[PDB]
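Protein chains in written order, with this note's numbering: chain A, 41 to 370; chain B, 31 to 360.
Below, the structure is given as structure tokens:
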């Protein structure tokens, strides 16, 4: 346990004139229960020698969240945070420049490719991240043929169906410019469509028993109205669109107002906000599932920046996917 | 220009000349004349009289009622039906009393294993039959695999599965919430959650929801909801407790079908309400088999001409058939 703290002292001895031996020792004990800033602070440093600034800063922030007042974590972070903020501002800059670089050609192939295949990709990825064993071809087969895929449960089918319904509602009621006000009944309807076919008793329904690192208590509603008011507040136009969507998703998944269907509706609200800010559909792929959940847990420790970097990561990845998609078109 | 095939004016002039010649041949001639002009008043009159001499009084009366409804003011039909009416009223009371006695010796049955087996078993046959009248192509064995085995039939429609499931959870709700003697009432929300149960999985957006003065629309939620209020008030009024439960259920089914309060699933909810009334008067689940679908609508047809008696005879027949299924099971 605390024995290997002397191996954080061994990476302390190595770190002075070393290469990957310090990383050899710290890899080890690091995987031996990260909780004491003693190992997380030192690992932050060893990361920093590799010019891994944001990961170091993460180790410091986590050492502080677990040990409020740990002053070596405090000082090291006070030195790392401004650079990390500059880097994140840069990342958002880049993804926006790519965004309005994207808004140039409205070919019929953009219609064809994006409108259809990114629809089926979004459905498949959102339901799949929630453990759905369906493939993309099976998902679209469900959507346009309505028959049953062999070897799959009925509830998976109903997850795909409900996701399709919720997307339809979001597009033909919440993505219109004439209705520039997001109501709370709109969120309730989005969840009712998400979970309607799979679980009719709890679709569009606020949980009574608010079970459990817990979640806000039996007073969710007023917080839902808080979310809605913040979305419709006039100061939120100054905030970066990507961080706006990420904060909405965050706010929501922390409120956790439904017994089930929270993650899908959260990704839905994120996608809605980003699409109304001129962005194409943002796809959080299933292969990155791990990191996704990972970042969210860090978000519950007081640090939303990993999740923001994740959303920017895959939004820019999707946009560049598209530019590179019709650069090989022609 | 209502024109009639010539071959039957000749068949109408011929039939006028004989009955009394031992001519069964007249019945088959008038039957071939029934297959081409089913709405011809004189053919229905004659066919009725043939049914009279053949000592099938109820069907003769039916031909008279149908001829009079098709030809308002036809006094021939008026006098013939004036002869037949009291006799068929008597016959109907005979039938109802018989069904009620058989039902009284159904409630005097003491069985342990076979009974419940059968109960759960019934539990399923009802779903299959009530959805098969609705146009569901799922087999009884497929429905049974879905509900009882948690199986799924690939290559078949997803919504058929969801209709079976919704109807099953519905019947569960009726048995374990609406038959508790602590109720003894029928609120509008009982019908509304029975509908939310019927269409919950198949169509969650409109399940448990009623179909939709500055404009001029004939349909608005307050009016349709108001008609539902009239229905439930009629159901819980004590004067309507004095009528035979079979007629109470049939009239309720008719009223609910004609109010048309939901966008879809009205027929399933109507047969379900019929079953609810029947069961609260001590009857086993009344299954209207899909093999009799025709007769079903046929009776309802006569219902819209002003005669609910064929429908009452129908639901009485199949109620006795259900009871006799349970009774013959041991």
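Every residue, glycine too, gets a C-beta built ideally from N, C-alpha and C.
Contact note: residue 211(A) does not reach chain B at a C-beta cutoff of 9 Å; the least C-beta distance is about 15 Å. Residue 261(B) places its beta carbon 9 Å or farther from that of residue 342(B). The C-alpha of residue 205(B) lies about 17 Å from the C-alpha of residue 158(B). Of all alpha-carbon atoms in 86(B), 70(B), 124(B), the one lying nearest the alpha-carbon of residue 107(B) is that of 70(B).
Measuring C-alpha to C-alpha distances from residue 41(B) to each of 64(B), 84(B), 33(B) identifies 64(B) as the nearest.
Within the DSSP secondary-structure output, residue 187(B) pairs in a beta bridge with 187(A).
Here residue 234(B) is buried: its Cβ has 16 or more other Cβ atoms, across all protein chains shown, within 10 Å. Among the CB atoms of chain B, one or more fall inside 9 Å of the CB of residue 191(A). Taking C-beta atoms under 8 Å as the contact rule, residue 131(A) and residue 185(B) fail to qualify, at a distance of about 48 Å.
Exposure of residue 253(B) is indicated by the presence of fewer than 16 other C-beta atoms within 10 angstroms of its C-beta.
DSSP places residue 291(A) inside the alpha helix (DSSP H), whose first and last residues are 281 to 295.
Between residue 66(B) and residue 33(B), the C-beta spacing is not below 9 Å. Residues of the segment 229 to 241 of chain A that bring their beta carbon within less than 7 Å of a beta carbon in chain B comprise 232, 233, 236, 237, 240, in sequence order. Between residue 241(B) and chain A, the shortest Cβ-Cβ separation is not below 9 Å. Taking a beta-carbon distance threshold of 9 Å, residue 301(A) does not count as an interface residue toward chain B. Taking the beta carbon of residue 262(B) as reference, no residue of chain A falls within 8 Å; the closest one sits roughly 23 Å away. Closest option to residue 284(A), judged by alpha-carbon separation, among 345(A), 261(A), 296(A): 345(A). The beta carbon of residue 205(A) falls within 9 Å of a beta carbon belonging to chain B, placing the residue at that interface.
Contact annotation: residue 294(A) and residue 255(A) have beta-carbon atoms nearer than 9 Å. Here residue 74(A) carries a coil assignment [DSSP, helix/strand/coil].
Ranked by how close their Cα comes to the Cα of residue 159(A), the residues 303(A), 311(A), 343(A) have 311(A) in first place. In its own chain, leaving out the 5 sequence neighbours on each side, no residue places its CB closer than 6 Å to the CB of residue 92(B). Within 8 Å of the CB of residue 201(A), the CB atoms of chain B belong to 188, in sequence order along the chain. The three-state reading of DSSP puts residue 91(B) in helix, counting H, G and I together.
Annotation for residue 129(A): no residue places its beta carbon closer than 6 Å to its own, counting only its chain and skipping 5 residues before and after. With respect to the 9 Å criterion, residue 283(B) and residue 301(B) are classified as neighbours on the basis of their beta carbons. Nearest neighbour of residue 298(A) by Cα position, chosen from 339(A), 233(A), 354(A), 331(A), turns out to be 233(A). Between residue 352(B) and residue 314(B), the CB-CB gap stays under 9 Å. Taking the CA atoms as reference points, residue 361(A) sits about 16 Å from residue 350(A).
For the set 317(B), 267(B), 162(B), the Cα lying nearest the Cα of residue 350(B) is the one of 317(B). C-alpha of residue 136(A) to C-alpha of residue 269(A): approximately 26 Å in a straight line. Residue 326(A): not part of any alpha helix (DSSP H); DSSP gives it neither H nor E.
If you draw a straight line from the Cα of residue 68(A) to the Cα of residue 271(A), it comes to about 45 Å. Within chain A, no C-beta atom comes less than 7 Å from the C-beta of residue 213(B); the nearest is roughly 20 Å away.
Residue 298(B) places its beta carbon less than 9 Å from that of residue 161(B).
When secondary structure is reduced to three states using DSSP, residue 246(A) falls in the coil class, being assigned neither helix nor strand.
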